[PDB]
Amino acid sequence: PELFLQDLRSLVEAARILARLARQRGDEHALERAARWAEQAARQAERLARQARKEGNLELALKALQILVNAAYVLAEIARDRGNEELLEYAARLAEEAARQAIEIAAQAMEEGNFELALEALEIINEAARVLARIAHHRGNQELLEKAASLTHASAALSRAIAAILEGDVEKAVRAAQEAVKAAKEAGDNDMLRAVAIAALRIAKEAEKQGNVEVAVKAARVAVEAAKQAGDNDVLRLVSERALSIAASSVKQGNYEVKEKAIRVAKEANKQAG
Amino acid sequence: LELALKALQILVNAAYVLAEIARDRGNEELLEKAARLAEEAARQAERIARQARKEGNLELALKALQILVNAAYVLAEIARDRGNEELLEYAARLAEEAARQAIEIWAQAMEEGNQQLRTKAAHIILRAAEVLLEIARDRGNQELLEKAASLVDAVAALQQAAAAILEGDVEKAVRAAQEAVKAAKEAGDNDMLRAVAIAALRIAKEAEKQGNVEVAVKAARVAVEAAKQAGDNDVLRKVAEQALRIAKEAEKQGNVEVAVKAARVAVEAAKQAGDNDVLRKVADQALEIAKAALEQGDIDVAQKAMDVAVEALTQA
Amino acid sequence: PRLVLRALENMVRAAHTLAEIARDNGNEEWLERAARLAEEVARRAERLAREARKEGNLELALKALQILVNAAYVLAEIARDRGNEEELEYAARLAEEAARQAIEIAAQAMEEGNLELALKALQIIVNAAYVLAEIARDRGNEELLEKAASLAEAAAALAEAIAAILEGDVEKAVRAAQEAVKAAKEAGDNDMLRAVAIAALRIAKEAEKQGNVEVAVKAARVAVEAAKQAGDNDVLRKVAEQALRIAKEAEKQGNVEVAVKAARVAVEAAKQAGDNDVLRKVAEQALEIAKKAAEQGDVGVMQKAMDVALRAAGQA
């Protein structure tokens with residue numbers, strides 16, 4: 001199967017070269033060839049990318065999303081010099097739902113603790129943010145550029161939090177999570193907020209694994225903040241469950257104040273869930 | 001063995017950095033030294049590629065070509081501010097010979113069915129064309145634009161055809177192949193046409209397994225269009241064997257009209273090859289086709305079959 | 001380990017995107033954010049790189065250096081458009097220090113005999129030279145520009161020498177090494193000189209396997225030429241031990257002229273080092289060389305063996 005992506009890449013490269021050549025040598029049918037080749041390759045990639053989530057090979061899926069971003073760069077190059085906004089709008093829609101789908105993949109990877117895939121999906125997100133910014137630079141949307149700065153900020157924050165978790169540097173992780181929830185507030189996207197909450201959950205799970213219940217309460221206080229801003233009841237349920245983990249762990253550590261905080265956090269999560 | 005390519009890549013990268021460092025400064029001696037570093041690396045890489053091709057490790061060979069293409073890119077980047085054409089004259093000729101060798105590698109990979117080399121070789125050829133295009137962008141040679149564009153769109157067709165082969169879509173395969181010969185014939189590159197023809201054999205081999213002889217003859221009609229330029233006698237005999245096999249399948253299907261068109265392709269090739277054993281086999285097959293056309297009462301097809309049979313047999 | 005490298009690299013890649021976006025928009029605050037992120041990564045990556053060498057895994061270490069070089073590239077891209085000298089100074093310091101550590105890796109790698117790691121480190125060094133030069137041009141400092149260029153040339157010669165070490169042409173290796181000492185002596189970089197000497201030692205070890213003591217001495221003549229600039233006492237000791245090993249083989253070959261030249265190198269090095277055990281071991285062998293020069297009846301060679309042994313002993 002995998003060779004499909006390599007061939008798609010080659011067709012994208014051919015399109016890139018043809019576009020480069022066409023900026024030297026005048027032929028609108030070179031532009032039309034390259035656009036048709038590229039769009040068809042992108043749709044072929046999209047079919048595979050949709051299939052890959054059913055197949056569960058997320059590695060091939062995020063590789064296909066990298067192809068989509070790389071193709072989107074070439075599509076944007078063609079479109080911006082050809083001077084057509086509808087093709088930019090198409091490329092933008094392609095990139096936007098691709099990146100949103102990457103955010104879903106990243107949430108699964110962080111739930112698994114399969115941080116390998118999370119870092120790679122975050123890379124796809126970075127490169128998508130690059131391509132989105134290139135499009136926005138020609139459309140004039142300062143709002144999208146602020147969102148790109150926010151998206152790159154948030155993906156960096158997720159990366160930093162992941163690094164602190166892999167290191168076990170949990171106070172720095174809690175500090176980084178406090179930065180991350182502000183970055184999510186800058187972004188204003190519920191799916192990013194979900195990914196950040198899933199990170200905050202996984203962060204608290206590491207503190208529970210350590211038995212550092214007070215660090216876990218700090219992590220949970222961020223997690224429930226993210227979940228409260230997101231409004232997702234399944235996240236709020238998972239947060240309430242983890243808060244009861246922390247509460248039981250706090251009684252196991254023999255401290256009533258950390259129990260009291262953990263119960264108040266569980267009750268905040270329950271109050272938002274209704 | 002392998003480490004030499006890694007070192008050479010580092011040498012080319014070092015030359016690139018040296019050239020970039022020198023670029024803003026009045027020191028053509030640094031540029032000359034960088035060019036000497038690049039030339040030695042290129043001479044090493046060509047010698048390695050020659051030997052690796054003899055040994056049959058195509059991955060080492062194509063990686064050496066990748067390095068050489070990067071070296072050509074560096075040589076052009078040196079040559080521009082130097083105002084020197086002779087460097088470009090070396091680089092373009094070297095890049096053309098590299099592209100030829102990469103196309104020959106691509107043909108061997110297609111013949112052997114090694115998709116894994118095919119992708120790599122395609123990327124290499126595409127990069128080679130990009131470097132030729134940078135050279136053309138500076139130098140203004142319009143023929144090099146035609147060469148580059150046609151090479152690239154021909155690789156894109158070759159890739160599309162390989163994708164169609166993996167998908168089993170013989171109609172897509174024909175659609176692509178028709179454009180592939182269109183590009184390659186406008187280029188006039190007989191080695192590109194050879195690679196196209198070798199791919200067309202693989203198209204025919206799978207088209208028989210699919211059993212759609214009506215599409216397969218359109219593919220064979222493209223195959224001879226290229227093969228008639230290239231003139232490689234063993235390739236022509238291989239093509240003729242495939243055309244006869246296609247005719248045998250068309251008889252099993254009872255489609256004598258497609259069988260006669262398959263013979264019309266077969267004679268066009270056999271008339272170049274001159275192989276009397278092909279002429280004998282063509283006449284024998286044509287008589288079986290005439291027998292089928294008689295049995296069907298398709299006598300316009302029978303007379304067309306025997307017109308082609310006479311046209312073939314008269315070459316003896 | 002592995003994940004943290006990936007993550008920090010991704011944090012640099014994120015800073016690279018953020019800097020692109022910020023420069024496209026013309027915004028300041030996003031650069032300030034990026035700079036804070038990049039500095040935090042630089043501080044973390046320095047720790048990681050220092051720890052990785054203490055763990056003995058040079059590959060993890062050199063990858064961490066490549067992260068630092070990516071960070072330096074981003075920091076420079078920010079700083080040179082930001083327009084501040086202290087930022088450019090800090091970036092230059094970071095890149096230079098990373099290059100020092102990279103050469104320390106390269107020295108250790110060649111001393112162990114893993115050219116693959118050394119080649120990787122040379123790519124890191126080449127990258128650092130590019131970054132340093134881009135800083136130095138935009139800052140305006142010809143000394144650092146010349147330093148970058150000369151370092152890059154010396155790196156290129158070292159890469160060529162590594163290629164020659166793979167190939168086994170010891171004359172080519174010496175030809176490269178002559179240019180390598182030329183660049184290194186013009187640069188005055190202690191670690192570059194150390195690296196050249198270590199390479200020359202392994203060149204000599206291969207020349208001994210081949211039995212080519214003559215070219216081994218030519219390599220050693222470069223080795224002392226470099227070592228005499230730098231005073232690496234243990235490298236001088238290794239050079240002297242090699243010179244005695246070479247002299248013992250030259251005695252076994254009966255080439256007392258090459259043996260006396262090997263002693264002539266050994267005393268030149270020992271005169272810098274002042275190591276009494278080396279001096280006495282050298283003089284001990286120098287009388288074996290004089291003994292064989294007398295057995296051959298070579299008057300001028302025995303007069304040289306006299307002159308060397310006596311000058312070696314005369315203040316030891």
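Residues numbered from 1 in each chain as written, not as in the entry; some residues may be left out. Chains lettered and ligands numbered in written order. Part of a larger assembly, values for the part shown. Heavy atoms only, no water. Residues with missing side-chain atoms left out of burial classes, pairs and counts.

Here we take up the overall build of chain C. The helix and strand tally for chain C stands at 13 helices and zero strands. Each helix (α) and strand (β) of chain C, taken in turn from the N terminus, gives the series α-α-α-α-α-α-α-α-α-α-α-α-α. Summarising the internal contacts of chain C: among those between residues at least 6 apart in sequence, 21% fall at separations of at least 24. (Helix = DSSP H or I, 4+ residues; strand = E, 2+ residues; numbered from the N terminus. Contact = heavy atoms within 4.5 Å.)

Below, the discussion takes up the overall build of chain B. Regarding its fold elements, chain B presents 13 helices and zero strands. Taking the principal axes of its C-alpha atoms as reference, chain B extends roughly 85 × 40 × 35 Å.

Taking 1.5 Å per residue, 25 residues should reach 36 Å; helix 5 (residues 115–139) of chain B reaches 36 Å between its end C-alpha atoms and fits that length. Backbone geometry just downstream of helix 5 of chain B places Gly140 of chain B in the positive-phi region, at approximately 80 degrees. (Expected span 1.5 Å × (residues − 1).)

A few words on the packing of helix 10 (residues 233–252) of chain A against helix 11 (residues 256–273) of chain A. Residues and elements named next belong to chain A. For the pair helix 10 and helix 11, interaxial distance at closest approach is 8 Å and the crossing angle is 165 degrees. Considering the angle they form, helix 10 stands roughly antiparallel to helix 11. In the crossing of helix 10 with helix 11, the sense of the turn from one axis to the other is left-handed. Every residue of helix 11 that contacts helix 10 at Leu236, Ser240, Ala243, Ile246, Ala247 and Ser250 is listed here: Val258, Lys259, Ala262, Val265, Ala266, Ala269 and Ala273. (Axes fitted to C-alpha atoms, helices over the stretch in contact; angles between N-to-C directions. Parallel < 35°, antiparallel > 145°, perpendicular 65-115°, else oblique. Left-handed = near helix turned anticlockwise from the far one by under 90°.)

Here the focus is helix 12 (residues 276–296) of chain C. Taking 1.5 Å of rise per residue, the 21 residues of helix 12 of chain C would be expected to cover 30 Å, and the 30 Å separating its terminal C-alpha atoms lies within 8% of that figure. The first or second residue beyond helix 12 of chain C is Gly297 of chain C, which carries a positive phi of 70 degrees.

Moving on, we come to the packing of helix 6 (residues 142–167) of chain B against helix 7 (residues 170–187) of chain B. Residue and element names in this part refer to chain B. One can describe the packing of helix 6 onto helix 7 by two numbers: an axis separation of 9 Å at closest approach and a directional angle of 160 degrees. With respect to each other, helix 6 and helix 7 are oriented roughly antiparallel. Relative to helix 7, helix 6 is oriented so that their crossing is left-handed. For the pair formed by helix 6 and helix 7, the contact residues are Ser150, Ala154, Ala157, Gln160, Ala161 and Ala164 on the first element and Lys172, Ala173, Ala176, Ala180, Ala183 and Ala187 on the second. Grouping the constituent residues of the contact of helix 6 with helix 7 by class yields nine nonpolar, two polar and one charged. (Nonpolar A, V, L, I, M, F, W, Y, C, P; charged D, E, K, R; others polar.)

Residue and element names in this part refer to chain A. Checked against the element boundaries, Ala164 lands in helix 6 (residues 142–167). Residues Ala164 and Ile203 lie 39 residues apart in sequence; the distance between their C-alpha atoms is 9.4 Å. Beyond its immediate stretch of four places on either side in the chain, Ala164 contacts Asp169, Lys172 and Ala173.

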